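What follows is a short report on a single structure.
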Amino acid sequence: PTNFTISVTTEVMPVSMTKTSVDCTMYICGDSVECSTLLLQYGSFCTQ
Amino acid sequence: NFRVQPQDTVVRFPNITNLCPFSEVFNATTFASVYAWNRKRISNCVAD
Ligand SMILES: *[C@@H]1O[C@H](CO)[C@@H](O[C@@H]2O[C@H](CO)[C@@H](O)[C@H](O)[C@H]2NC(C)=O)[C@H](O)[C@H]1NC(C)=O
Ligand SMILES: *[C@@H]1O[C@H](CO)[C@@H](O)[C@H](O)[C@H]1NC(C)=O
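Going down the list, the sequences are from chains A and B. In my numbering, each residue carries its 1-based index in the first sequence increased by 45. In my numbering, each residue carries its 1-based index in the second sequence increased by 155.
Below you can see the structure in the form of structure tokens.
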């Protein structure tokens, strides 16, 4: 080569995504106390 | 998540002033044959 080109190029890399949290009783049962009572057998799964 | 407990109770039914014809359909003098069974429309009444 007898010449050169100074090249600037971009590289887009994801780093983080959206941090999310889930309230199980509001999703599964909403505001009903009967479903909230029945959901007490599934608390370990929601903690997981 | 932040829960708000209900305090009052709201009941909203359409305003009906008539009882349902229980005596007309249960204490009728004659009943239809099963092959020619009678159908009666029931509307605008309170099913006590
Ligand atoms: C169904 O209809 C019959 C016939 O109308 C009613 O029997 C009458 O009942 C009254 C009130 O007890 C008596 O005074 C009469 O003697 C009965 N017989 C007749 C021929 O009128 C019966 O009570 C009715 N049942 C209902 C729930 O309304
Ligand atoms: C190299 O290229 C540049 C343009 O990119 C030009 O101005 C320069 O004269 C060249 N150099 C050489 C041919 O030696």
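Every residue, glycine too, gets a C-beta built ideally from N, C-alpha and C.
Between the C-alpha atoms of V165/B and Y190/B there is a straight-line separation of about 46 Å. Closest by C-alpha distance to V201/B, out of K195/B, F168/B, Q160/B and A187/B, is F168/B. Not a single C-beta of chain B is nearer than 8 Å to the C-beta of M58/A. DSSP links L174/B through a beta bridge to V201/B.
The Cβ atoms of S81/A and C74/A lie closer than 8 Å to each other. Contact of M71/A with chain B is assigned, a C-beta pair being separated by under 8 Å. In the three-state reduction of the DSSP assignment, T54/A falls in the coil class.
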